[PDB]
Structure formats: C-alpha cells, structure tokens
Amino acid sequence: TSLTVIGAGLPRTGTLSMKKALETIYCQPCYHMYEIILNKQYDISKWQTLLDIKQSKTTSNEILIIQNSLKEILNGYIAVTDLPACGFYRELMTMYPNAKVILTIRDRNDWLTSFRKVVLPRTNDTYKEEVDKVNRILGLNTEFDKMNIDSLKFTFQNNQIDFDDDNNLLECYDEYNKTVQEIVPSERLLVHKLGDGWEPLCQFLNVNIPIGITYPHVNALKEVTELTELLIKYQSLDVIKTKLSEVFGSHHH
C-alpha cells in the first residue's frame, strides 16, 4: 500500500478536497499539511532538513538520503497533497514509478485573494496577527513558519522573492503550474480544475465513482475563518478559573 497519487497542486487550489476525494477512493490515509499540524508535528524538522539540502544543489549521494527520508515520512500513505510535499513531486516521481500525478488548479486571481486570506497574508495585512495567533494556540513554533515559507521557496524554485508582491506570486504560481504540465507526461498527469468532479479523477485513476457520495467542497473561506476566530476566542480552563475567582473569590483591593 505505497504511494499511488502525487498531489502537486499548491495550497488553496483545492488540496484538502482532493485529499478527501482520494481517501474516499482508496480508503487509505492521504498526507496533508493538516496531518503535520494536528498529528505529526514531529515531521516539521524532518521536512526542514530536507529543505535545507535543496537550498544548494544535490550530489548523487545526497539524493538517496532525500529518498530515504521521504519514504520514512510518507510510509503508510496512499497519496499526498498540499505543501510541503507538492514541491518534491519530481523526486517522488522517480521514486514511485507506478504513481500518477494530479495537479489541482484554479483561476490565478481567485487563488491569490484566497492565498492571501488563509495561507501567507501580506506582512502588513492586519490579519497577520490572527493566522499567527491560532498557530500558537495549536502549538506551532517559529520553526513551523520557517519550514512553511521555505517549502514555498522550494516549490517555486526561487531562493527568495518579495512575498509582499502580489504580481510576483502570480508569476510564480503560473510558472509552477506550467512547468508541472511540461515535466510530467500527459499520460501520467491529470489537471483537475475546481469543480471538475469525480468523472475525470476516477477515469484517470481507473476506479468506480463513489456511489452516493458527492465530491468534497471543504476548506472554504467561510469555514476556515470561522474556525479561526473560534480558536482565538477559545478559553483555557486555567483562564476560566481566573475569571471565576474574580466573580466568586474573596475580593482584595
């Protein structure tokens, strides 16, 4: 039960819905950034040393350790979508010859606005302290941000670029999606546009369309922000105690 699908789509291109559509088909786990956050936070440093290696170019000896860490991380998983893995799709291809590649795309301008509200907001965007704060509540360190911005640099194949540049991102986003359709043979690749549904995915994977189930539409703007402000408003039990001792505790002043 090794890798069968490689999700090269970038964040906010429908990577969680694709994840869920693959687990419905194969009934096996699919890797995702939310796996790291909610279950395997110990994989952050692994992905980091893997990204440190790719900062410089790799000796043949170097790449075998890359392939040996990717097998460790992705063992037991049938597929992989989202960052930081979508950037390693070339290494995953040579490594799993019987694995196909799916590329989720959407309108480049719709992606940017979404990409700015959820993933990486402009460092002046007031919504910065919000995304960063729920990270702290979930136990995400400075090294998480490190591993996240670095994986972006790797996926776009650019040592650094001013990420506060909307047009720069578009040029990187358009490039990446273009270079994926060039490096990967058409017979091994599928380009899944938002809303394509089961038919293409299932024909390209040679499986039955799941019966009675509807193609996922998860991780929408509405639900990501609602869950965000829900965690910001969350109250630790230790916090509830302090607020109770001011109502009911003996009052000193």
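When you see a residue number, it is the position in the sequence shown, counting from 1.
Selected stretch [higher average CA B-factor]: 194 to 202 or 59 to 67:
It is 59 to 67 that shows the higher mean C-alpha B-factor.
Using the B-factors recorded in the PDB entry, average over the C-alpha atoms of 161 to 169 and of 178 to 186, then report which stretch comes out higher.
The deposited B-factors put 161 to 169 ahead on the C-alpha mean.
Report the option among 153, 106, 90, 100 whose CA atom has the maximum B-factor in the deposited record.
Highest CA B-factor of the listed options: 153.
Identify, among 112, 149, 79, 83, the residue whose C-alpha carries the highest B-factor in the deposited PDB entry.
Comparing C-alpha B-factors across 112, 149, 79, 83, the top value belongs to 149.
Compare the C-alpha B factor of residue 1 with those of the other modelled residues in its chain, then answer lowest, middle or highest third.
Top third by C-alpha B-factor.
Among modelled residues of the same chain, the CA temperature factor third for residue 209:
Answer is middle: the recorded C-alpha B-factor places it there.
Per the entry's values, where does residue 22 land by CA temperature factor relative to the rest of its chain, in the lowest, middle or highest third?
Its C-alpha B-factor, which the entry lists for residue 22, ranks in the lowest third among residues of this chain.
By the record's CA B-factor, is residue 225 among the lowest, middle or highest third of residues in the chain?
Its C-alpha B-factor belongs to the highest third of this chain's values.
Where does residue 53 sit by CA temperature factor within its chain: lowest, middle or highest third?
Answer is highest: the recorded C-alpha B-factor places it there.
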